[PDB]
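Summary of structural features
Take a look at the letters that make up each chain.
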Amino acid sequence: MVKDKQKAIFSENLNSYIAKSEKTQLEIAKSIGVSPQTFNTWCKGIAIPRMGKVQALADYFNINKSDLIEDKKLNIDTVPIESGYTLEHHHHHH
């Protein structure tokens, strides 16, 4: 195919949030401040918007930009951080 994996991840993640909403792509596009054709290419993973729009997307969904950039490999694994941040543990014998 010769396709960039990052754009495939970004769209995959973004599309997840979009398809979880009942507002159309044309709806979200106006709220962000873009044209439907611009939003269409994002949803198809053809292009990634600039920081000003990526932040706008995350800001509108009340999420982190990191949620759109990093892969949905959401398997919690203890993350030592130099602060008083909350972390959870599972523990299952398998």
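Parameters at a glance
- Residues numbered from 1 in each chain as written, not as in the entry; some residues may be left out.
- Heavy atoms only, no water.
- Helix = DSSP H or I, 4+ residues; strand = E, 2+ residues; numbered from the N terminus.
- Rg over C-alpha atoms; globule rule 2.2 N^0.38 Å.
- Buried < 20%, exposed > 50% of the residue type's maximum accessible area, 1.4 Å probe, protein only.
- Contact = heavy atoms within 4.5 Å.
- UniProt positions renumbered as here; feature names shortened; annotations may be inferred.
- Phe/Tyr/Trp six-rings, centres within 6.5 Å; stacked < 30°, edge-to-face > 60°.
- Axes fitted to C-alpha atoms, helices over the stretch in contact; angles between N-to-C directions.
- Salt bridge = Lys/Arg side-chain N within 4 Å of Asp/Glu carboxyl O.

For this deposited structure, the header cites solution NMR as the method used.

A tally of helices and strands in the protein chain yields 5 helices and 0 strands. Each helix and strand of the protein chain, placed in order from N terminus to C terminus, yields the pattern α-α-α-α-α. In terms of overall dimensions, the protein chain is more spread out than a globule: its C-alpha atoms have a radius of gyration of 16 Å, far above the 12 Å expected for 94 residues. With the C-alpha coordinates of the protein chain rotated into their principal frame, the extents come out at 50 × 35 × 25 Å. Counting only residues that meet the buried cut, the protein chain has 19% of its 94 residues in that class. Looking at the protein chain alone, contacts between residues at least 24 apart form 61% of all its contacts between residues at least 6 apart.

The next subject is the UniProt feature "domain: HTH cro/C1-type" (unreviewed entry) in the protein chain. UniProt records the feature "domain: HTH cro/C1-type" (unreviewed entry) for residues 24-68 in the present numbering. Strand forms 0% of residues 24-68 and helix 67%; the C-alpha atoms that close the span are 19 Å apart.

With that out of the way, let us pick up the packing of aromatic side chains. Applying the stated criterion across every chain yields a total of 3 aromatic pairs. Look at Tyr-17 and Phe-61: their rings are 6.2 Å apart centre to centre, the planes differ by 45 degrees, and that puts the pair in the tilted class. One end of the pair, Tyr-17, is in helix α1 (residues 5-18); the other, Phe-61, is in helix α4 (residues 51-61), and 44 residues separate them in sequence. Summarising the aromatic geometry, the rings of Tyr-60 and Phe-61 are spaced 6.4 Å apart at their centres and angled 90 degrees between planes, so their arrangement reads as edge-to-face.

Let us look at the packing of α1 against helix α3 (residues 36-43). Their axes nearest at 8 Å, the elements α1 and α3 cross at an angle of 115 degrees. Mapping the contact onto sequence places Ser-11, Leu-14, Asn-15 and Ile-18 in α1 and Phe-39, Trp-42 and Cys-43 in α3.

Turning our attention to the pattern of salt bridges. Under the counting rule described, the total for this entry stands at 5 salt bridges. Put simply, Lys-23 and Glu-27 hold a salt bridge, and the shortest N to O gap is 2.7 Å. For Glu-27, a relative accessible area of 30% puts it in the partly exposed group. The salt bridge partner of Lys-73 is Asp-71, with a shortest N-O separation of 2.7 Å. Each of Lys-23, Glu-27 and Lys-30 takes part in salt bridges that share partners, so that together they form one network.

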